[PDB]
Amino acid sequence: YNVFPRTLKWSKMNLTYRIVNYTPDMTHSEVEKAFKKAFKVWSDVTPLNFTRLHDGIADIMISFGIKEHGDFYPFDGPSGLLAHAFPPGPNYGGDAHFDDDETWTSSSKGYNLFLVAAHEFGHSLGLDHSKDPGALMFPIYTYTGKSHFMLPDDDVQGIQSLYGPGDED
């Protein structure tokens, strides 16, 4: 027999993702680069592996949409809500949605896609919000301006409490 796990998390280390569509704001290459880097933020500190699928059903379906887009969390036009992701689970579990009424960038203008994505994927993996103002999972977008990204310890401890550290070096 089997009882449901104690925490909401993926029961497999090999996960797949699919970029269903693209925002008008960035080139396909820019968007792909941003998401790949965001997944690496988490794979670098756990035993998780992320493989991209170009079609079909992936564990983490990524898409850009506006207003009502297929769930109980419609977006609200420019400003306000910017994106959200569902926690680990069947069907839409793990999926990540980005509000395409926002401005997405690979720089410091508007919302940095990589940064927001890293945050959303945290939710896709089982992390909720943190009270640490400097955490990636803090609820409010707080771009620091630094050039090098380094996952805050609060986030490291959180994700490892779910999946372990993987190779520590």
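We number the residues from 1 along the sequence you see. Definition used throughout: the rigid core is the maximal C-alpha set that superposes within 1.5 Å between two forms.
- Choosing between 92-100 and 72-80, the greater Cα displacement from the shown form in 7 other deposited structures of this protein, fitted by the core, goes with 72-80.
- Across the other compared structures of the same protein with both neighbouring residues present, residue 147 lacks coordinates in at least a third.
- Higher mean CA temperature factor between 27-35 and 108-116: 108-116, per the PDB entry.
- Comparing 38-46 with 99-107, the stretch with the higher mean C-alpha B-factor in the PDB entry is 99-107.
- Based on the entry's C-alpha B-factors, the most elevated value among 16, 11, 160, 21 belongs to 11.
- Annotation for 140, 127, 57, 62: 57 ranks highest, by Cα B-factor.
- When all modelled residues of the chain are sorted by CA temperature factor, residue 75 is found within the lowest third.
- The entry lists a Cα temperature factor for residue 123 that places it in the lowest third of the chain's modelled residues.
- In this PDB entry, residue 131 carries a Cα temperature factor that places it within the highest third of its chain's modelled residues.
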